[PDB]
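Encoded as C-alpha cells, the following chain is the form deposited in one PDB entry, with no partner shown.
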C-alpha cells in the first residue's frame, strides 16, 4: 500500500485553540525561601479576549505572592488578579500586551452534546502544553460534592494536575469548558479512570464578565439553608437577614417572588440573581430584605 492518504487528526482544533491556552504559575515566598520565589502551584489558563483577560481556576492562584503567565509563543507576563469566586472555583487574570494576543475560539450558539469529541489542553506536571483526547461523557454534573450543583461537563479526556484552568475544546476548536476537577474517590481503594470535570463555557463567560465589571461575583443571599410539593427549612443563620425577617425553622416553602418553589436548586439560583437589599414575597407571607452573599 502507498499513502497519499490523510491521517485522522485533530490538529486543526489544536492549531486554533492551543495558542490561547497558557501556563499559569502561582509563586509564593517561603519562610524557607528566604526572599526567593518558589512555585506553590501550577496550572493552565485560557485567553478569553484580546484585552488580555484570562480565565483560570481559583485554587490555582490562591494565596499567590506573584502570578506568572506563559504563552506558547514564548512571551511571559506577570498577571494581575482581577477577581475570584470560590463557588465556581473561577478566577480572572489580567496581562497587559501591546502586541497581539491569541484568543480561544468561542461559539456562544454552540450546544455541547454527549459524545462530542473533545480535546483537553493544559500543562500536566509542568511537562509543557499537553493535548489529550476524549468525549463529553455527560452534562449538568454536580461533581464529586453533593452540594452546589455547578453544571459540570464530564469528560474522559485525560486530566492530570496542571490541567486545571486549561481549556476543553471540540474538533472545531470551540471552547467547551474549563477543566477543573478530577474524580479521585475510591471504592475498595482503586483509582478512577477517565473521569474529569469542566466548568461549562457559558457559565465561565458569565462569571468572567461579572469579575471584570466588579472585583467579585455578587449574589443575593437569603441566609437560610434547608433540604427539600415544597421545600422545608432546616436552619436559619444566626443574626441573619433571615433571623431579621424572623423566619421560623422548618416552615415549608411553596413558592417565592411570584413563582413556584418545587426545586431548591432552581429556587437558590433565582435568589442569587436578585439584587442585594431587595425585599420579595415568600410562601410558607413574611417580608424579607436580601443581603449580598457573605464572602468566602
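Positions refer to the first chain, counted from 1. By rigid core we mean the largest C-alpha set that fits within 1.5 Å across both forms. Residues that one form lacks are left out of the comparison.
The next section is about a form of this same protein that is not shown, the form deposited in another entry.
Only one of 69, 48, 247, 61 has its Cα shifted by 2 Å or more between this form and the one not shown after fitting on the core, and that residue is 247. After superposition on the rigid core, displacement of the C-alpha of residue 14 between this form and the one not shown stays below 2 Å. Listed in sequence order, the shifted runs between this form and the one not shown are 1-3, 220-224, 231-262, 274-283, 285-296, counting only residues present in both forms whose C-alphas move 2 Å or more over at least three consecutive positions once the core is aligned.
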